[PDB]
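Have a look at the structure below, then the notes.
The chains referred to below are lettered A, B, ... by the order of the sequence lines, with proteins before strands, and numbering in each begins at 1.
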Protein chains: 2
Amino acid sequence: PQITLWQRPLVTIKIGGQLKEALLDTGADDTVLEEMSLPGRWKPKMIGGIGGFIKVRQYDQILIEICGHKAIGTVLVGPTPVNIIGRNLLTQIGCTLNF
Amino acid sequence: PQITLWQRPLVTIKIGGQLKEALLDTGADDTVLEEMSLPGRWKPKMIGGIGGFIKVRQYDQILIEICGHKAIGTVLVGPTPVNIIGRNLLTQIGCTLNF
Ligand SMILES: O=C(N[C@@H]1CO[C@H](CO)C1)[C@H](OCc1ccccc1)[C@H](O)[C@@H](O)[C@@H](OCc1ccccc1)C(=O)N[C@H]1c2ccccc2C[C@H]1O
């Protein structure tokens, strides 16, 4: 599909059998979701945004469906303001910017 | 053109007769640039992202050239770690997300 940017590019994602809303963010290097429970062990990571840094939990090889497209990659979990789908997963679904 | 997301989507912009490097960011509502001088009056504003909020100066009706395309819109100036071209200007050049 083709998504315009007059409004936030929010889409529905499926993870852990649950539906959630997330933002397609080309400005994010990684994918970060709001506090939730995921399987396996996690590794520590610090990510810096416009207002500073925050600590997040890194989970690898996580299955996530974005607009029907299945992806399997790294997902970070932490005190993010909104769910963010970053470049690591946008590339998996073949997302590009056009103009 | 079509931009892939394997790497950060950085482009050259021209503002105030100056050439700068900026990130095409669909996750950003507005455009925000690091400290610089712009003509006209401004208004104080607080914007929040990952990490928290930062205080910026809001300028309106600012002209910017992105990849040869002229665009007019609001530009925020403040302690941002990287120059960001947000949705308010991406829409003006006809930028869309596709997959
Ligand atoms: O801060 C953001 N948007 C707000 C909304 O409008 C303000 C600008 O007018 C900025 C974006 O984050 C999503 C969001 C939406 C709505 C409310 C709150 C937050 C913005 O695109 C950031 O995601 C992005 O801002 C652009 C940027 C890029 C590089 C360095 C610093 C900042 C950023 O914080 N990227 C970091 C990130 C995020 C998740 C995982 C890994 C990493 C490493 C870095 O890429």
Handout entry: Cluster overlap A:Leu33 with A:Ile54, hydrophobic side-chain contacts below 4.5 Å
Key = no

Handout entry: Sole residue of B:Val32, B:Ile62, B:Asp29, B:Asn88 in side-chain contact (heavy atoms from CB on, under 4.5 Å) with B:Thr74
Key = B:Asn88

Handout entry: Over all atoms of both residues, closest heavy-atom pair of B:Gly49 and A:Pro81
Key = O-CG, 3.6 Å

Practice task
For the pair B:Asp30 and B:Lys45, find out whether any cationic side-chain nitrogen is under 4.0 Å from an anionic carboxylate oxygen.
Solution key: yes

Practice task
Check step by step if side chain to side chain contact (heavy atoms under 4.5 Å, CB included) holds for B:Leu90 and B:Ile85.
Solution key: CA-CA 7 Å; B:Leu90 295 175; B:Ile85 298 305; 3.7 Å; yes

Handout entry: Pairwise side-chain contact, A:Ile47 with A:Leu76, heavy-atom cut-off 4.5 Å (strictly under)
Key = yes

Handout entry: pair A:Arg87-A:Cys95: side-chain heavy atoms closer than 4.5 Å
Key = no

Fill in the blank from the handout: Of all heavy-atom pairs linking A:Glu21 and A:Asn83, the shortest is O-ND2, 2.9 Å

Exercise for the section: Answer whether the closest heavy-atom distance between the side chains of A:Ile66 and A:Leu89 falls below 4.5 Å. Expected result: yes

Fill in the blank from the handout: In short, A:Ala22 meets A:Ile13 closest at the heavy-atom pair CB-CD1, 3.8 Å

Practice task
Treating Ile, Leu, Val, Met, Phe, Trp and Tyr as nodes and any side-chain heavy-atom pair under 4.5 angstrom as an edge, say whether A:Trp42 and A:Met36 lie in one connected cluster.
Solution key: yes

Handout entry: Minimum side-chain heavy-atom gap B:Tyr59-B:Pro39 below 4.5 Å
Key = no

Handout entry: Heavy atoms of other groups near B:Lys20 NZ, more than 12 under 6.0 Å
Key = yes

Practice task
With the side chain counted from C-beta on, respond yes when A:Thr31 and A:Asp25 share a heavy-atom pair under 4.5 Å apart, and no when they do not.
Solution key: no

Exercise for the section: State whether the side chain of B:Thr80 and the backbone N or O of B:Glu34 hold a donor-acceptor pair below 3.5 Å, judged by distance alone. Expected result: no

Problem - Over 12 non-hydrogen atoms of neighbours within 6.0 angstrom of CD in A:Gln7 - result: no

Fill in the blank from the handout: Value for NZ (A:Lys14) from SG (A:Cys67), rounded to nearest 0.5 Å, stands at 13.5 Å

Exercise for the section: May I ask you to decide if A:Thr26's main-chain N or O and B:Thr26's side chain share a donor-acceptor pair within less than 3.5 Å? Expected result: yes

Practice task
Say whether B:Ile84 and B:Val75 are linked into one hydrophobic cluster, either directly or through other cluster members, by side-chain heavy-atom distances under 4.5 angstrom.
Solution key: no

Exercise for the section: Report, as yes or no, whether the 6.0 Å neighbourhood of atom NZ on A:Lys55 holds more than 12 heavy atoms from other residues, nucleotides or ligands. Expected result: yes

Handout entry: CD-CG distance between B:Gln2 and B:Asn98, expressed to the nearest 0.5 angstrom
Key = 7.5 Å

Problem - NZ/NE/NH1/NH2 to OD/OE distance under 4.0 Å, A:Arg57 and A:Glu35 - result: yes

Practice task
Treating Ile, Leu, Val, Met, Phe, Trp and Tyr as nodes and any side-chain heavy-atom pair under 4.5 angstrom as an edge, say whether A:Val77 and A:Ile64 lie in one connected cluster.
Solution key: yes

Exercise for the section: For the residue pair B:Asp60 and B:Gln58, establish whether any side-chain heavy-atom pair is separated by less than 4.5 Å. Expected result: yes

Practice task
Would you check if A:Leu24 and B:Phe99 make a side-chain contact, meaning some heavy-atom pair closer than 4.5 Å?
Solution key: yes

Fill in the blank from the handout: CZ (A:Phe53) and CE (A:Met46) are apart, to the nearest 0.5 Å, by 6.5 Å

Exercise for the section: Decide whether A:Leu23 and A:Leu97 are clustered together by the hydrophobic rule: side chain heavy atoms of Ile, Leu, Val, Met, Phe, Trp, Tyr closer than 4.5 Å, transitively. Expected result: no

